[PDB]
Protein chains: 2
Amino acid sequence: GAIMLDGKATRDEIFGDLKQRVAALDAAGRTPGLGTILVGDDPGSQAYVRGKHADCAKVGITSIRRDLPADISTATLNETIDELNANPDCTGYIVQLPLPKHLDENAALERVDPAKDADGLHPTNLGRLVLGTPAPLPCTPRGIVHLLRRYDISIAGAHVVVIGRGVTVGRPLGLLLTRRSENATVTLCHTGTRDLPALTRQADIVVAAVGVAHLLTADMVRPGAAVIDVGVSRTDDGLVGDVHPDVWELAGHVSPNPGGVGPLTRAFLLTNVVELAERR
Amino acid sequence: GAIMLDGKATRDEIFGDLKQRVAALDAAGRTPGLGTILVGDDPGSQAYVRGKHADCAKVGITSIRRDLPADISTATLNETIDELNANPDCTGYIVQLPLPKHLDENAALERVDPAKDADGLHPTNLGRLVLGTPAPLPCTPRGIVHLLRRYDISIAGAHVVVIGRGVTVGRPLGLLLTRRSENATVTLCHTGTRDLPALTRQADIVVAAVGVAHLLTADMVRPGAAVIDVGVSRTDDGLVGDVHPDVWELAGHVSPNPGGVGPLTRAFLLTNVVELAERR
């Protein structure tokens, strides 16, 4: 059956590399720092931000937190953004979503300096990705490409089918895989797609990032194909990925969910931060 | 033979709508204005800019000309960009390329305020397209989609094969087609694509935008499919398009080049400006 694409082991590898690279930056006079802006008290948001800072501590990146109440004014939000933008120990940062409804989410996200965009989701950087201007790249597409390369899976000339068009994964992933430096042929699929299986059956690589429980089945996959399980949805039976377990019987490689791309997403947030410090 | 996807009656429709919308803008004291920055002595550029301003006059958009000599400094170019950015009479503008080679073209384009980006090619606007934020859109992709729709060619659920990844055409086109407001399946192909004919033969719509003379031949197109011809290459025999004349025999629809998408591309520059003014 399929070879497991071990994301935790791959993440651990990256972490070891980052620790050395952070030690180097420490030695060079500037320890990198990741900032977070967290507004309000959503349990999941708090958990997500805690996790990012936990990861930071493991590799020696300083945690900078701006924890703000749910009832801050837009002026207060803007001041925080402007401070982190100007803070020399904040090498990059993220704004945890969702924001209180009284706050204009997109205006806040656009106010972030693209030069400190650790998530690689600032519209300016996403547009630079479209245009081929080197700039921060989004973490999940980065981790996907890395995981594939780590196992010597060809992407140049590959036919890749991406299922899903989320702005943090599927959408930017299509732009990433079609650059010259990657060079895949990419079929972009989603819920509007007719006869998904006819397309997935053609793919050397399928990336399932659509959030539909066990949507991709063995009957839909080319024997020996690489299958990347990214999407997660909430079921009566828990969180569940986009890939049916029967795929393991015919695919060449499968990344599990959990334990596949997820750890790599966090590894590339940290990588983005170290790279920004190294660019300097 | 195939039905010609002639763009002129559709351009005329757009111009009628825009003239009305501009009259509504004038009534509200918000007469839109298009600026152009033309640097130096390239005759083609001079004609292009004349054409844009003639189009403006047809729908009632004010023309703002910034004509600069070839030997300007970066500071002079910067002052001009800064001036148009701050000029209240200027709703949007374009920097006519190519610039003299001592000038940094990408720095100039990024210095353009995206709120005045009439081309829809500023990275922050292309990033907004990725993210789903309303903003100026690149004109050729908008033209392609509108031309198809006006000829009652289905977009939703269509399998579109896009050949080419130019940053102003094929690349943003993949993003546009894949919005829920379009909802097409898109295979992104390029010079790196193996077995192109196997892929193009599956398409309900083929977009030829690679700049490779007559790359798309009849054997490559499903009978009754729609073919959009955008790509042009310099031969000698002169300029030649991506689509072999033989595809007219069995395709359902083919756009001529010139005369197909072109008039709409030109009209959508004006639409961008009007939209900027309306969104205000």
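Values below: all heavy atoms of this structure, side chains included; hydrogens, waters and symmetry mates excluded. Letters A, B, ... mirror the listed sequences (proteins, then strands); counts begin at 1.
- Top candidate by heavy-atom pairs under 4.5 Å with chain A, chosen from B:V162, B:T193, B:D195, is B:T193.
- Counting heavy-atom pairs under 4.5 Å between each of A:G157, A:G170, A:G166 and chain B puts A:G157 at the top.
- Within 6.0 Å of the CZ atom in A:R149, the count of heavy atoms belonging to other residues, nucleotides or ligands exceeds 12.
- For a residue to count as touching a neighbouring chain, one of its non-hydrogen atoms must lie under 4.5 Å from one of that chain's; by this rule B:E110 touches chain A with the side chain only.
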Go through the steps to decide whether B:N183 and A:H190 satisfy the test side-chain hydrogen bond (donor to acceptor under 3.5 Å, both in side chains), and finish with yes or no.
CA-CA 8 Å; B:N183 216 200; A:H190 48 252; 3.3 Å; yes
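- Comparing A:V167, A:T187, A:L196 by how many heavy-atom pairs each has under 4.5 Å with chain B, the most go to A:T187.
- Chain A is approached within less than 4.5 Å, heavy atom to heavy atom, by B:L199, B:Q202, B:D204 from residues 197-223 of chain B, ordered by number.
- Counting heavy-atom pairs under 4.5 Å between each of B:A184, B:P114, B:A156, B:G174 and chain A puts B:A184 at the top.
- The 12-atom threshold is exceeded at CZ of B:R179, counting heavy atoms of other residues, nucleotides or ligands nearer than 6.0 Å.
- Applying the salt bridge (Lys or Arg N to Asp or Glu O under 4.0 Å) rule to B:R180 yields no partners; only residues at least two apart in sequence or on another chain are considered.
- Note that OG1 of A:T178 and CG of B:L188 are 5.5 Å apart. Values are rounded to the nearest 0.5 Å.
- Identified by a heavy-atom distance below 4.5 Å to chain A, contributing residues of residues 94-104 of chain B are lacking entirely.
- Taking 4.5 Å as the heavy-atom cut-off, the residues of residues 121-138 of chain B that approach chain A are B:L121, B:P123, B:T124, B:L126, B:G127, B:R128, B:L129, B:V130, B:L131, B:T133, ordered by number.
- Annotation for A:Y48: atom OH does not count as buried by contact number, only 12 or fewer foreign heavy atoms lying within 6.0 Å.
- Looking only at heavy-atom pairs under 4.5 Å with chain B, the residue among A:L175, A:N106, A:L177 that has the most is A:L175.
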Give the C-alpha distance, both sets of side-chain angles, the deciding distance and a yes or no for side-chain hydrogen bond (donor to acceptor under 3.5 Å, both in side chains) between B:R194 and A:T185.
CA-CA 8 Å; B:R194 300 171 201 241; A:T185 294; over 6 Å; no
